[PDB]
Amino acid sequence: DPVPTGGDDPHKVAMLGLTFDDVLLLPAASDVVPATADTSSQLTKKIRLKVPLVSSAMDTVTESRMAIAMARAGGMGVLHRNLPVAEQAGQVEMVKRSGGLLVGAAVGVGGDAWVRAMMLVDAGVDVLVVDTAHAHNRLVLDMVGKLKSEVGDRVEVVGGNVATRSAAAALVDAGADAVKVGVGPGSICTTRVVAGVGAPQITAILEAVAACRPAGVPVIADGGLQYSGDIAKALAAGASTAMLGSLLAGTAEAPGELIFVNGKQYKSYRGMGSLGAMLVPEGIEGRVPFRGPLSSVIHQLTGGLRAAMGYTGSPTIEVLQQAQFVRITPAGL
């Protein structure tokens, strides 16, 4: 008898992938109210954040202003790599000189990326993010391993992005201090349309965590978070932090100017694989509603997270990571 969806191979369709909108967190017994919840969580093996949020390494999201504001809000920014090495290293220094704030910076793969990494380390960066669409490529695993052996106890090395248990395991073996998850889910991502490739993000987190948690390696959920409720869902699936692009792109601190249209305000937001950022693009150029100061956006996001922690009876993010989901049907939206 055939597999009900076709052919005779039961592993051809390997999984059923759930995204954020497919699940809700179940309320549970609680002695936690939103006010008493503790939102701190590991970004990497060595680095703990007060607020488990990181801004995306995108040229419409994180330059020094955003990185400073994120660190002051208890999270962290990852400086984007679409600018000369000297300028990126300069922005690292601008952040570190603003009171010894934490900061990360993105690098790619290869010789130029190596020079960039060494300059960032010299400028005092806390976290290097090897920042790629496909960390299961051998070249990315090599870059992560080479960085960790060279500068590994002066700096934390994050590898990404992955969407499977096997890819997460490979980054763990290469020595990553955190594993970043997300292939396909970004709001400005067209990888699913252009390449037909991706993994729904709740399932991707569940799978990456199955490799990373037994190894003591934190998982960063990256892409597709549209609402504060999604942050609670990502962390409950086992992520330790979430990386945000679109939710932060509309803020005052994000690079780019205010666009006034029809009495409404917008800001430019674009994929780092868009034509404008870079050809077969895998990102789009768009705009998002203007959201005002970063500090207030983060307060709303953390407020939603704290509500989820109270509903699930989670005093800490570590307990939130043990919460359960109910799956919902299309009618549920």
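Heads up, when I say rigid core I mean the largest set of C-alphas that superpose within 1.5 Å between the two forms. Don't overthink the numbering: it's just position in the shown sequence, from 1.
Q: Which of these two stretches, 22-30 or 260-268, has the larger RMS Cα offset in 8 other deposited structures of this protein when the rigid core is kept aligned?
A: If we average over structures and residues in 8 other deposited structures of this protein, the farther stretch is 260-268.
Q: Could you check whether 133-141 or 243-251 drifts more from the shown form in 8 other deposited structures of this protein, using RMS Cα distance once the core is superposed?
A: Greater root mean square C-alpha distance in 8 other deposited structures of this protein: 133-141.
Q: What number of residues from the deposited sequence go unmodelled in the gap from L26 to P27, classed as none, 1 to 3, 4 to 9, or 10 or more?
A: Missing residues, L26 to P27: none.
Q: Between 143-151 and 217-225, which has the larger average Cα B-factor in the PDB entry?
A: According to the PDB entry, the answer is 143-151.
Q: Averaging C-alpha B-factors over each stretch, which comes out higher, 288-296 or 36-44?
A: Higher of the two, by average CA B-factor, is 288-296.
Q: Of the choices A86, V194, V78, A232, which one's C-alpha carries the largest B-factor in the record?
A: Among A86, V194, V78, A232, the PDB entry lists the largest C-alpha B-factor for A86.
Q: Out of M278, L305, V61, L53, which residue has the highest Cα temperature factor in the PDB record?
A: Reading the PDB entry, the winner on C-alpha B-factor is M278.
Q: Would you mind checking where the Cα B-factor of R72 ranks among the modelled residues of its chain, as the lowest, middle or highest third?
A: Highest third of the chain for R72's C-alpha B-factor.
Q: Among the modelled residues of this chain, does the Cα B factor of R138 put it in the lowest, middle or highest third?
A: Middle third - that is where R138 ends up once the chain's C-alpha B-factors are sorted.
Q: Taking the chain's C-alpha temperature factors as the reference, tell me which third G108 falls into: lowest, middle or highest.
A: CA B-factor rank for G108: middle third.
Q: Against its chain's modelled residues, does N262's Cα B factor rank lowest, middle or highest third?
A: As the PDB entry reports it, the C-alpha B-factor of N262 lands in the highest third of its chain.
Q: Quick check on the deposited entry: does the C-alpha B-factor of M66 sit in the lowest, middle or highest third of its chain?
A: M66: CA B-factor falls in the middle third of its chain.
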